[PDB]
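Student: pasting the first chains of the complex, positions unchanged:
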Amino acid sequence: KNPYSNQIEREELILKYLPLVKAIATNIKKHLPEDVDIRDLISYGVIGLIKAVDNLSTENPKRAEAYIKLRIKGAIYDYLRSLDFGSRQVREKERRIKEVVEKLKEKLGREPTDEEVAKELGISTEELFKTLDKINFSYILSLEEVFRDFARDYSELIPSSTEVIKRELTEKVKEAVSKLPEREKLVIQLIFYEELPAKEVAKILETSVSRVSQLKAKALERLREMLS
């Protein structure tokens, strides 16, 4: 293989999977504060796609591709993990918004429109939202590490035993997912299986964003706890 021929095989690859980085990022964004630049995501995304193509050994287009994703995503999360998502300041904002929403459900005898919660918290609806998404993502990440343990822990017997086995976790979820309250499951499915943002979910349920938002965050917390 002429160095130029190699140089091109690589290029044309990194290039063929660029779109994968794209969607992954575009998707992982549906769970993040609007202020997170997707560009930034895609950037780190690429990094990994390369690192992947690079440290890649021939495999089947199906098997290879699986590795790519698992590296793109990795790249990205690692970046996100670097931010203040786990901060205590966020775990607090959680509790506080819980109060506020409860305090108004009673005070008004109904589900507080986002803005009611906004005003009652003395912040923008915009602000409220970014904060909910941060909270949520904290769990999304907390929950990430769960699948990182159901692997990095067993994976030691992953090369010593080098995909259809993962269908263990695939079923290990149908477990706590059975333990997911008729409401919580309805949101999750609408968010994940449906590829949908909290804002859109609240529209498909004619409810509040803060409402759906609190549900998701509730759900994940469960799933995290059970699958953990």
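Tutor: Looks like it arrived, so ask away. Numbering: from 1, shown residues only, chains lettered A, B, ... in the order given.

Student: in contact with residue A:185, which residues?
Tutor: Under the criterion of CB atoms under 8 Å, 6 or more residues apart in numbering, the neighbours of residue A:185 are A:177, A:219. The way it works is simple: take the backbone N, C-alpha and C, and place the C-beta from them, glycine included.

Student: may I have the phi/psi pair for it?
Tutor: Backbone torsions for residue A:185, taken as degrees, to the nearest 10, come to phi -70, psi -40.

Student: which residues of chain A fall in helices?
Tutor: Taking DSSP state H as the criterion, chain A carries its helices at A:3-16, A:18-28, A:38-54, A:61-81, A:88-108, A:114-121, A:125-152, A:167-176, A:182-191, A:198-204, A:209-226.

Student: tell me the most buried of the ones you listed?
Tutor: helix A:209-226 (a mean of 21; mean count of other CB atoms under 10 Å).

Student: can you name every helix or strand that it contacts?
Tutor: helix A:88-108, helix A:114-121, helix A:125-152, helix A:167-176, helix A:182-191, helix A:198-204 (3 or more CB pairs under 8 Å, 6 or more residues apart in numbering; DSSP states H and E).

Student: now that helix against helix A:88-108, angle please.
Tutor: Orientation of helix A:209-226 against helix A:88-108 (axes from the mean of the first three to the mean of the last three CA atoms, to 10 degrees) gives an angle of 130 degrees.

Student: ok, back up a step: of all the helices and strands packed on helix A:209-226, which one is nearest residue A:79?
Tutor: Of all the helices and strands packed on helix A:209-226, helix A:125-152 sits nearest to residue A:79, with 11.2 Å by CB to CB.

Student: walk me through the domains of chain A.
Tutor: Domain assignment for chain A by curated CATH domains gives A:1-83, A:84-228.

Student: can you give the distance of the longest one from its chain's centre?
Tutor: Using CA atoms, centre = their mean, to the nearest Å, the distance from the centre of domain A:84-228 to the centre of the chain it belongs to is 9 Å.

Student: here's chain B, add it to the model above:
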Amino acid sequence: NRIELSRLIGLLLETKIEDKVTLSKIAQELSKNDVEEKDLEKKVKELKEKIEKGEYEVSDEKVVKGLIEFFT
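Tutor: One more chain to add, chain B, which I have set with the ones above:
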């Protein structure tokens, strides 16, 4: 698109300051297709039309698909 994207991917691989830039430029190029918009409601109004009209079921499967297909 590929015309330029190619240029850059290469430009990037020939070598990070400028790279972070070259990279930053690739990132820029990958979003231009913001037009993904599609079914901006249709997919939702349809769902609701199938939410109240009992045409949407919460099978732990679908819920588990989503959860996995995302987390993995």
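
Student: quick recheck of the contacts of residue A:185 now chain B is there?
Tutor: A:177, A:219, B:58, B:60, B:63 (CB atoms under 8 Å, 6 or more residues apart in numbering or on different chains).

Student: 7 Å - rerun?
Tutor: A:177, B:58, B:63 (CB atoms under 7 Å, 6 or more residues apart in numbering or on different chains).

Student: measure the nearest residue in space to the first one that is not next to it in sequence to residue A:121 for me?
Tutor: Translated: residue A:177. Excluding the flanking residues, the one nearest residue A:177 by CB to CB, 6 or more residues apart in numbering or on different chains is residue B:60, at 4.2 Å. Going from residue B:60 to residue A:121 by CB to CB, to the nearest Å gives 35 Å.

Student: now residue A:91
Tutor: Relative to residue A:121, and taking CB to CB, residue A:91 is found at 16 Å.

Student: just the closest residue of chain B to chain A, please.
Tutor: Using CB to the nearest CB, residue B:66 is the residue of chain B that sits closest to chain A, at 2.9 Å.

Student: please verify my assumption that that residue contacts residue A:196.
Tutor: No: applying CB atoms under 7 Å, one finds residue B:66 not in contact with residue A:196, separated by 9.7 Å.

Student: need the contact list for the residue nearest in space to the middle of chain A.
Tutor: Taking CA atoms, centre = their mean, the centroid of chain A lies closest to residue A:140, which sits 4.8 Å from it. By CB under 7 Å, 6+ apart, residue A:140 lies in contact with A:31, A:220.

Student: can we see that at 6 Å?
Tutor: Counting by CB atoms under 6 Å, 6 or more residues apart in numbering or on different chains, residue A:140 touches residue A:31.

Student: can you tell me how far it is from residue A:66?
Tutor: 21 Å.

Student: quick one: secondary structure of residue B:55?
Tutor: What DSSP: H, G, I helix; E, B strand; the rest coil gives for residue B:55 is coil.

Student: can you count the residues close to it?
Tutor: As a burial measure, residue B:55 scores 11 neighbours (other CB atoms under 10 Å in any protein chain shown).
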